[PDB]
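Let me begin by presenting the structure, written as structure tokens, before commenting on it.
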Amino acid sequence: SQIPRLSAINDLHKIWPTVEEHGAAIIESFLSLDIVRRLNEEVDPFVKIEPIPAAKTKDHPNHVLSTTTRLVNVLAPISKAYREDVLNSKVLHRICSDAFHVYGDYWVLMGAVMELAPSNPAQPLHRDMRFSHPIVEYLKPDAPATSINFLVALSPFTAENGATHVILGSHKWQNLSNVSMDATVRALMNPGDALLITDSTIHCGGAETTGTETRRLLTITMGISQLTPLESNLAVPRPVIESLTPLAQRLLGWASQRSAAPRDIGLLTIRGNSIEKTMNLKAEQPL
Ligand SMILES: CN1C(=O)c2ccccc2NC(=O)/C1=C/c1ccccc1
Ligand SMILES: O=C(O)CCC(=O)C(=O)O
Ligand SMILES: [Fe+3]
């Protein structure tokens, strides 16, 4: 039983329902090849200078990722394609508003480029959010997903070069005795395709077996605005923030947020007014 594949254009309304049911779906042509190209060029040098996840020079080292993984987050200051095209993706927003309507506004918990070196080993099978948001494990098993992860291929995903594994239906598993690589299927994808999973979908990066290919992806974890992002945009220069759309500003934590409660009193407000209203934050101003 393989991962369902859907078109970004023609099957839009079916995407969230497909993930909510099966725990994963592949969105064909999520990002155009041109956006993929520009993102790659813009992040290239930052990927090259990134040290190992647990570098001794970091004061929040990542001890979980392999030493042959490079992860670069806080992409807005680095990439125009990211902060303009990706952050305003119509497809992304429709899926997120489908997924998160019961809770309220959503934002970016982390947008990162990950590059895996040749012969990168497979990751252990896992659920996301367990090294940053312990609170998630205390949710009732049937609580609607509070975050989802778009894993966008920035280069080809093949079985040979370590394409992600997923276990279909595992977002609903409580008993984990059946977890094994034997239960997985692969996310074979062209650049610009995206694998969409929830925070409960059991998955792992695959083993790079060619010894020569360098696989790269854009992981966009989208989550309800009630949960704190893994990454901060507080240090992004104001001129960059004010070049964004109001929607993109909100996604980066440069706006107040709303819950879905009928008489919502809001998140990140200031004496009854919004961040953007208080700071007189401009939008859509070219650099
Ligand atoms: C540690 N880890 C991340 O760093 C990570 C990376 C990219 C996107 C999301 C993300 N959130 C995690 O929970 C995560 C899981 C994980 C577990 C086991 C093995 C390797 C990763
Ligand atoms: O390498 C992959 O394809 C998946 C990466 C992943 O799941 C993670 O780092 O959390
Ligand atoms: Fe993961």
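Residues are referred to by chain and number: the chain letter is A, B, ... according to the order shown in the structure tokens, the number counts from 1 in that chain, and ligands are numbered separately from 1 in the order shown.
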_Environment of ligand 3 within 7 Å, counting only C-alpha atoms and all ligand atoms, reported as a count of residues only_ = 5
| said: Taking only region 10-108 of chain A into account, list the residues labelled strand (DSSP E) by DSSP (computed from the backbone), as a PyMOL selection string. | reply: chain A and resi 24-28+69-73+106-108
Using only C-alpha atoms, the shortest atom-to-atom distance to residue 175 (chain A) among A:141, A:23, A:118, A:272 belongs to A:141
TODO: Write out as a VMD selection string each polymer residue (protein, DNA or RNA) that has an atom no more than 9 Å from ligand 2, with only C-alpha atoms and all ligand atoms counted.
DONE: chain A and resid 64 to 65 69 71 114 to 116 122 to 123 125 to 129 149 151 153 157 162 to 165 187 202 to 207 215 to 217 219
Selected residues, N, CA and C atoms, written as a CSV table (one decimal), in the first residue's frame, please.
```
chain,number,residue,atom,x,y,z
A,64,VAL,N,20.7,14.9,18.1
A,64,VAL,CA,19.9,13.8,17.5
A,64,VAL,C,20.3,13.5,16.1
A,65,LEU,N,20.5,14.6,15.3
A,65,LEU,CA,20.8,14.4,13.9
A,65,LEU,C,22.2,13.8,13.7
A,69,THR,N,24.5,15.1,8.5
A,69,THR,CA,23.4,15.9,8.2
A,69,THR,C,23.8,17.4,8.4
A,71,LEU,N,21.7,21.1,8.7
A,71,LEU,CA,20.4,21.7,8.8
A,71,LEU,C,20.6,23.2,8.9
A,114,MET,N,17.7,20.8,4.8
A,114,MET,CA,18.5,19.7,5.3
A,114,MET,C,19.2,19.1,4.1
A,115,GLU,N,20.5,18.9,4.3
A,115,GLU,CA,21.3,18.3,3.3
A,115,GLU,C,22.0,17.1,3.9
A,116,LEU,N,21.9,15.9,3.2
A,116,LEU,CA,22.5,14.7,3.7
A,116,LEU,C,23.7,14.3,2.9
A,122,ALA,N,20.3,5.7,7.5
A,122,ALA,CA,18.9,6.0,7.8
A,122,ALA,C,18.7,6.5,9.2
A,123,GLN,N,17.7,7.4,9.4
A,123,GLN,CA,17.4,7.8,10.7
A,123,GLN,C,16.6,6.7,11.4
A,125,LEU,N,13.3,5.3,13.1
A,125,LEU,CA,11.9,5.6,13.0
A,125,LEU,C,11.4,6.5,14.1
A,126,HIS,N,10.7,7.6,13.8
A,126,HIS,CA,10.4,8.5,14.9
A,126,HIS,C,9.1,9.3,14.5
A,127,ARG,N,8.5,9.9,15.6
A,127,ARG,CA,7.6,11.0,15.4
A,127,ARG,C,8.3,12.3,15.7
A,128,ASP,N,7.9,13.4,15.0
A,128,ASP,CA,8.5,14.7,15.2
A,128,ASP,C,8.0,15.3,16.5
A,129,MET,N,8.7,16.4,17.0
A,129,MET,CA,8.3,17.3,18.1
A,129,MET,C,8.7,16.7,19.5
A,149,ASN,N,4.2,18.5,8.8
A,149,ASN,CA,5.5,18.7,8.2
A,149,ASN,C,5.5,18.5,6.7
A,151,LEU,N,7.8,18.0,3.7
A,151,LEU,CA,9.1,17.7,3.4
A,151,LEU,C,9.2,17.8,1.9
A,153,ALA,N,11.2,18.1,-1.6
A,153,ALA,CA,12.4,17.6,-2.3
A,153,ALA,C,13.0,18.7,-3.0
A,157,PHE,N,14.4,12.4,-4.9
A,157,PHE,CA,14.3,11.3,-3.8
A,157,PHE,C,14.1,10.0,-4.5
A,162,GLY,N,18.1,7.4,-0.4
A,162,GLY,CA,17.7,7.7,0.9
A,162,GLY,C,16.3,8.3,1.1
A,163,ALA,N,15.5,8.2,0.1
A,163,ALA,CA,14.1,8.8,0.1
A,163,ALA,C,13.5,8.4,1.5
A,164,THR,N,12.7,9.3,2.0
A,164,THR,CA,12.1,9.2,3.3
A,164,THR,C,11.2,7.9,3.4
A,165,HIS,N,11.2,7.2,4.5
A,165,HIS,CA,10.2,6.1,4.7
A,165,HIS,C,9.1,6.7,5.6
A,187,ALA,N,8.9,7.5,-0.1
A,187,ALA,CA,8.4,8.8,-0.7
A,187,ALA,C,9.4,9.1,-1.9
A,202,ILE,N,4.8,8.1,11.9
A,202,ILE,CA,6.1,7.5,12.1
A,202,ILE,C,6.9,7.4,10.8
A,203,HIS,N,8.1,8.0,10.8
A,203,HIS,CA,8.8,8.1,9.5
A,203,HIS,C,10.3,8.2,9.9
A,204,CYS,N,11.1,8.1,8.8
A,204,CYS,CA,12.6,8.3,9.0
A,204,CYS,C,13.2,8.6,7.6
A,205,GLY,N,14.2,9.5,7.6
A,205,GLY,CA,15.1,9.6,6.5
A,205,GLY,C,15.7,8.2,6.1
A,206,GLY,N,15.8,7.9,4.8
A,206,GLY,CA,16.4,6.7,4.4
A,206,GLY,C,17.9,6.6,4.3
A,207,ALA,N,18.4,5.4,4.1
A,207,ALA,CA,19.9,5.2,4.0
A,207,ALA,C,20.3,5.6,2.6
A,215,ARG,N,21.6,14.4,-1.2
A,215,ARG,CA,20.1,14.6,-1.2
A,215,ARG,C,19.8,15.9,-0.3
A,216,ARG,N,18.9,16.7,-0.8
A,216,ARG,CA,18.6,17.9,-0.1
A,216,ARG,C,17.0,18.1,0.0
A,217,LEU,N,16.6,18.7,1.1
A,217,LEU,CA,15.1,18.9,1.2
A,217,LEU,C,14.9,20.2,2.0
A,219,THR,N,12.3,21.3,4.8
A,219,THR,CA,11.3,20.8,5.7
A,219,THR,C,10.6,22.0,6.3
```
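Within the 10 Å cut-off around residue 29 (chain A), using only C-alpha atoms and omitting residues fewer than 3 positions from it on the same chain, the listed residues are residues 6, 7, 8, 9, 26, 32, 33, 152, 153, 189, 190, 191, 192, 193 and 194 of chain A.
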Write the residues you've just listed into a file as a tab-separated table (two decimals), in the first residue's frame, and include N, CA and C atoms for each of them.
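That gives us selection-v6.tsv:
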```
chain	number	residue	atom	x	y	z
A	6	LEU	N	-1.07	13.19	-4.99
A	6	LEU	CA	-2.07	14.15	-5.37
A	6	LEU	C	-1.51	15.34	-6.08
A	7	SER	N	-2.31	15.97	-6.92
A	7	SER	CA	-1.87	17.14	-7.62
A	7	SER	C	-2.14	18.37	-6.80
A	8	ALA	N	-1.18	19.28	-6.80
A	8	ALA	CA	-1.30	20.51	-6.08
A	8	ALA	C	-2.42	21.36	-6.63
A	9	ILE	N	-2.55	21.42	-7.95
A	9	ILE	CA	-3.61	22.19	-8.61
A	9	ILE	C	-4.96	21.55	-8.58
A	26	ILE	N	1.73	12.62	-0.94
A	26	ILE	CA	2.72	13.28	-1.76
A	26	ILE	C	2.04	14.32	-2.63
A	32	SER	N	7.23	24.98	-7.85
A	32	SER	CA	7.68	24.91	-9.23
A	32	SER	C	9.19	24.69	-9.28
A	33	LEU	N	9.66	24.20	-10.42
A	33	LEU	CA	11.10	23.97	-10.54
A	33	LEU	C	11.88	25.28	-10.43
A	152	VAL	N	9.79	18.92	1.43
A	152	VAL	CA	9.91	19.25	0.04
A	152	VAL	C	11.22	18.83	-0.56
A	153	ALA	N	11.16	18.06	-1.62
A	153	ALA	CA	12.38	17.62	-2.26
A	153	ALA	C	13.04	18.75	-3.02
A	189	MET	N	10.24	10.98	-5.01
A	189	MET	CA	9.84	12.28	-5.46
A	189	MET	C	10.80	13.02	-6.36
A	190	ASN	N	10.24	13.83	-7.25
A	190	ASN	CA	11.00	14.76	-8.07
A	190	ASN	C	11.20	16.05	-7.29
A	191	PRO	N	12.17	16.86	-7.67
A	191	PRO	CA	12.34	18.14	-6.98
A	191	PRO	C	11.08	18.98	-7.13
A	192	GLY	N	10.67	19.62	-6.03
A	192	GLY	CA	9.44	20.36	-5.99
A	192	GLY	C	8.26	19.58	-5.46
A	193	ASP	N	8.31	18.25	-5.52
A	193	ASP	CA	7.30	17.45	-4.85
A	193	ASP	C	7.49	17.56	-3.34
A	194	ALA	N	6.40	17.34	-2.60
A	194	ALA	CA	6.43	17.44	-1.15
A	194	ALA	C	5.75	16.23	-0.51
```
*Residues of region 181-282 of chain A in helix (DSSP H, G or I) according to DSSP, as a VMD selection string?*
chain A and resid 181 to 183 238 to 241 246 to 251 275 to 279
Requested in this report: Can you pull out every residue within 12 Å of residue 63 (chain A), counting only C-alpha atoms, but drop anything in the same chain fewer than 3 positions away, and send it as a PyMOL selection string?
Outcome: chain A and resi 52-56+58-60+66-67+69+131
Mind dumping the selected residues with C-alpha atoms as a PDB file, in the first residue's frame?
```
ATOM      1  CA  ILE A  52      27.817  19.424  12.378  1.00  0.00           C
ATOM      2  CA  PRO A  53      24.462  19.513  14.197  1.00  0.00           C
ATOM      3  CA  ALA A  54      26.158  19.176  17.631  1.00  0.00           C
ATOM      4  CA  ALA A  55      29.083  21.480  16.946  1.00  0.00           C
ATOM      5  CA  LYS A  56      30.928  22.512  20.063  1.00  0.00           C
ATOM      6  CA  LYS A  58      26.679  26.033  19.345  1.00  0.00           C
ATOM      7  CA  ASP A  59      24.882  26.730  22.597  1.00  0.00           C
ATOM      8  CA  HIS A  60      21.802  24.774  21.423  1.00  0.00           C
ATOM      9  CA  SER A  66      23.680  12.459  12.326  1.00  0.00           C
ATOM     10  CA  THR A  67      27.061  14.111  11.792  1.00  0.00           C
ATOM     11  CA  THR A  69      23.396  15.936   8.197  1.00  0.00           C
ATOM     12  CA  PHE A 131      12.800  16.796  21.445  1.00  0.00           C
TER      13      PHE A 131
END
```
